[PDB]
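Asker: Structure for the following, please:
(4 chains)
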Amino acid sequence: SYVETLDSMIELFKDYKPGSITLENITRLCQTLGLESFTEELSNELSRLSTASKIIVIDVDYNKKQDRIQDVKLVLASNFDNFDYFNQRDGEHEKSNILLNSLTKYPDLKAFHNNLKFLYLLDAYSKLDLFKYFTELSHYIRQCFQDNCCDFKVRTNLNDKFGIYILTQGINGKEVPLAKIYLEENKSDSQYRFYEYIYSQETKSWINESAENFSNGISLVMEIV
Amino acid sequence: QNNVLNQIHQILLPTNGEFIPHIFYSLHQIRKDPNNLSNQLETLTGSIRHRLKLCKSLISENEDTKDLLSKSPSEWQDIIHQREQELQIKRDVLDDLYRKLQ
Amino acid sequence: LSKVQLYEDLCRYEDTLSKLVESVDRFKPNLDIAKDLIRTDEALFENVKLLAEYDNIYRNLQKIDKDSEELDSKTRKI
Amino acid sequence: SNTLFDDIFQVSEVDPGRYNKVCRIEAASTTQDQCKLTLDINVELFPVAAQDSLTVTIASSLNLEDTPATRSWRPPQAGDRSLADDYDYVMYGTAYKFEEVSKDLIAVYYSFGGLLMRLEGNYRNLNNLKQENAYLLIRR
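Answerer: Residues are numbered from 1 along each chain as shown, chains lettered A, B, ... in the order given. There you are, the coordinates:
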């Protein structure tokens, strides 16, 4: 009706370009989707912005001099605190988080807005711990593609954005992003109880494992890059 | 350093909220109260709109910017490259005289 | 005004923002006007970047203008 | 053409005044406890009693098709389709005042040839009414 329409308008207005690199744009961007945030001032020249409701505690070390953040510190209060938030791709073994790259390289907060939305989707529907499920889904699909004996290299967190990227070795010898898989909310219906999918090593089939751990209205879908 | 371009450049992008952070801050303060007369977004976005009229006034009053912004960059490069040739031909019509006095 | 394309750029920027705030104030928002506003805003940003290029090459134009006129002055006094 | 404002009103009381043909009615909406109506009715053509439920509709035009009076009025022909066909009492008049009663309530004043009507409501359903000519369509 009226609330959903204005929510769609604010969603599109954040989806184009949600402000520039400054503290108050980050504050209102974090506040507008239902995350109350508190700002901790280290000094007159440096400040910290922290968001925490029940599990996820993200902190950015933004500076008022260099117009650039320092580090990203996120701590999970759930049962799995080893969540993968770095970039994993072939060429080098550098382990840098996505949020730092989005806040430093791009002068616009679109990638940061998408990452914050994805982390809210992980946090709000966590007794299916979506951090460990998203971490282990890459390994599960890599083992599934190993059984198919075809070259489909699986890498995670490409293009400064979360997601399980499925790439194939082409003629040029460089991995080409054709399509990535990720967890996307379905607004048409939320009653499908999403299962923790396990791929069998022997009988090469997917067998449902979820019996009590539950996620609300989520699905694993494909989009074309 | 040309002036009117400079106060244009720090009048639409001051050294922050460019145009849209102000407008989504306005429609964010609308979220607290949708049921009051003083909740018109036009009231506080008029400051940005007054900045837009200031931009109009500064670009309309100046005429060198009127020709500055009217031509394509490759046009600018080719006309400066055909404006260096007459100073070059003036250089050679002085240096051949310099040769002739020797 | 009719020769500088940035002028019409902020003209239909003002148009899209004005009818967008009118539509949301009348409690009937639309999507196509927002897409048009996005299309105008991106072109406004490349217009700002090409205005920066215009700015630098106008410094170049003024440099060659003043050196050309002083060499013309030297030429006619000679 | 389309409905500028539609609501169902409960007539609180009907005041004859010092008139024989025209009565001033006081009505309030059934859905809202905030949108109330004062209206003059030719009761010989459309009798209204107290505690009557009237569906009050304000429209910019009577034709079913959307807008593309300054045109001379003509008597309706046979087979003419209009928005008046669905209602029992249609009045045409001029908006002459837009009053802001409170911080949230706005008042619209219409004059149907001297038959005045004062419409209250919040501004999220009366915003379609503007300083123009509107048809007032009433059915019981």
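Asker: what's around the closest residue to residue D:10 other than its chain neighbours, how many residues?
Answerer: Leaving aside its sequence neighbours, residue D:10 sits nearest to residue D:30 (Cβ to Cβ, 6 or more residues apart in numbering or on different chains; 5.4 Å). From N, CA and C alone the C-beta is placed, and that goes for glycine too. By the criterion of other Cβ atoms under 10 Å in any protein chain shown, residue D:30 has 12 neighbours.
Asker: Walking through chain B, point out its strands one by one.
Answerer: Taking DSSP state E as the criterion, chain B contains no strands.
Asker: and it, which residues reach chain C?
Answerer: B:1-2, B:5, B:9, B:12-13, B:20, B:23, B:27, B:40-42, B:45, B:49, B:52, B:55-56, B:59-60, B:66, B:68-70, B:73, B:76-77, B:80, B:83-84, B:86-87, B:90, B:94 (Cβ under 8 Å from any Cβ of the partner chain).
Asker: one step back: the residue nearest to residue D:10 reaches residue D:11, doesn't it?
Answerer: No - taking contacts as Cβ atoms under 8 Å, residue D:30 lies outside contact range of residue D:11: 10.9 Å.
Asker: Need the residues touching each of those two.
Answerer: residue D:53 (Cβ atoms under 8 Å, 6 or more residues apart in numbering or on different chains).
Asker: okay, now the closest residue to residue D:139 other than its chain neighbours: neighbour count?
Answerer: Nearest residue to residue D:139 in three dimensions, chain neighbours excluded: residue D:87, at 4.1 Å (Cβ to Cβ, 6+ apart). Residue D:87: 21 surrounding residues under other Cβ under 10 Å.
Asker: contact partners of stretch D:109-121?
Answerer: Against stretch D:109-121 from outside (Cβ under 8 Å, 6+ apart): D:5, D:22, D:29, D:32, D:34-42, D:58, D:91-99, D:101, D:105-108, D:126, D:129, D:134, D:136.
Asker: Return the set of buried residues in that stretch.
Answerer: For stretch D:109-121, the neighbour count (16 or more other Cβ atoms under 10 Å in any protein chain shown) marks D:109, D:110, D:112, D:115, D:116, D:117, D:118, D:119, D:120, D:121 as buried.
Asker: out of everything not next to it in sequence, what's closest to residue A:111?
Answerer: Per Cβ to Cβ, 6+ apart, closest to residue A:111 is residue A:102, 4.0 Å.
Asker: That neighbour touches residue A:108, doesn't it?
Answerer: No - counting by Cβ under 8 Å, residue A:108 is not a contact partner of residue A:102; they are 9.4 Å apart.
Asker: Settle it for me: which of the two has more neighbours?
Answerer: When residue A:102 and residue A:108 are compared for neighbours, residue A:102 comes out ahead with 22 against 15, by other Cβ under 10 Å.
Asker: Show me what the one helix or strand the more buried one maps to is in contact with.
Answerer: Secondary structure from DSSP states H and E places residue A:102 in helix A:98-104. For helix A:98-104, the external contacting residues (Cβ under 8 Å, 6+ apart) are A:21, A:58, A:60, A:62, A:68-69, A:71-72, A:74, A:85-87, A:109, A:111-112, A:115, A:157, A:160-162.
Asker: circling back: in PyMOL, how would I select just the buried ones from the residues of chain B next to chain C?
Answerer: Buried subset of these, written as a PyMOL selection, criterion 16+ other Cβ under 10 Å:
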select buried, chain B and resi 5+12+20+23+27+41+45+49+52+55+59+68+69+70+76
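Asker: Just the buried residues of stretch D:109-121: which are in strands?
Answerer: Using DSSP E, the buried residues of stretch D:109-121 in strands are D:109, D:110, D:112, D:115, D:116, D:117, D:118, D:119.
Asker: Return the closest of the residues you listed with respect to residue A:136.
Answerer: Ranked by distance to residue A:136 (Cβ to Cβ), those are led by residue D:119 at 62.9 Å.
Asker: where does chain A come near chain C, residue by residue?
Answerer: Residues of chain A lying near chain C (Cβ under 8 Å from any Cβ): A:2, A:5, A:6, A:8, A:9, A:12, A:13, A:16, A:17.
Asker: what's the closest of these to residue A:125?
Answerer: residue A:8 (20.9 Å).
Asker: element containing that closest one, please.
Answerer: helix A:3-16.
Asker: from the chain's centre, how far out does that helix sit?
Answerer: Using Cα atoms, centre = their mean, to the nearest Å, the mean C-alpha position of helix A:3-16 is found 20 Å from that of the whole chain.
Asker: Buried subset of the residues of chain A next to chain C, written for PyMOL?
Answerer: The buried residues among the residues of chain A next to chain C can be selected in PyMOL (16+ other Cβ under 10 Å) with this line:
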select buried, chain A and resi 6+9+13+16+17
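Asker: And the residues of chain A next to chain C, which two are furthest apart?
Answerer: Spanning the widest gap among those are A:2 and A:17, at 25.3 Å by Cβ to Cβ.
Asker: so who does the residue of chain A found nearest chain D touch?
Answerer: Nearest residue of chain A to chain D: residue A:2, at 8.3 Å (Cβ to the nearest Cβ). Contact partners of residue A:2, counting by Cβ under 8 Å, 6+ apart, are residue C:27.
Asker: Can you report phi and psi for it?
Answerer: phi -100, psi -40 (degrees, to the nearest 10).
Asker: Return the distance of it relative to residue D:125.
Answerer: Relative to residue D:125, residue A:2 is positioned 12 Å away (Cβ to Cβ, to the nearest Å).
Asker: now residue A:52
Answerer: 41 Å.
Asker: need the contact list for the residue in chain D positioned nearest to chain A.
Answerer: Residue of chain D nearest chain A, by Cβ to the nearest Cβ: residue D:124 (8.3 Å). Taking Cβ under 8 Å, 6+ apart, we find residue D:124 in contact with B:34, C:27.
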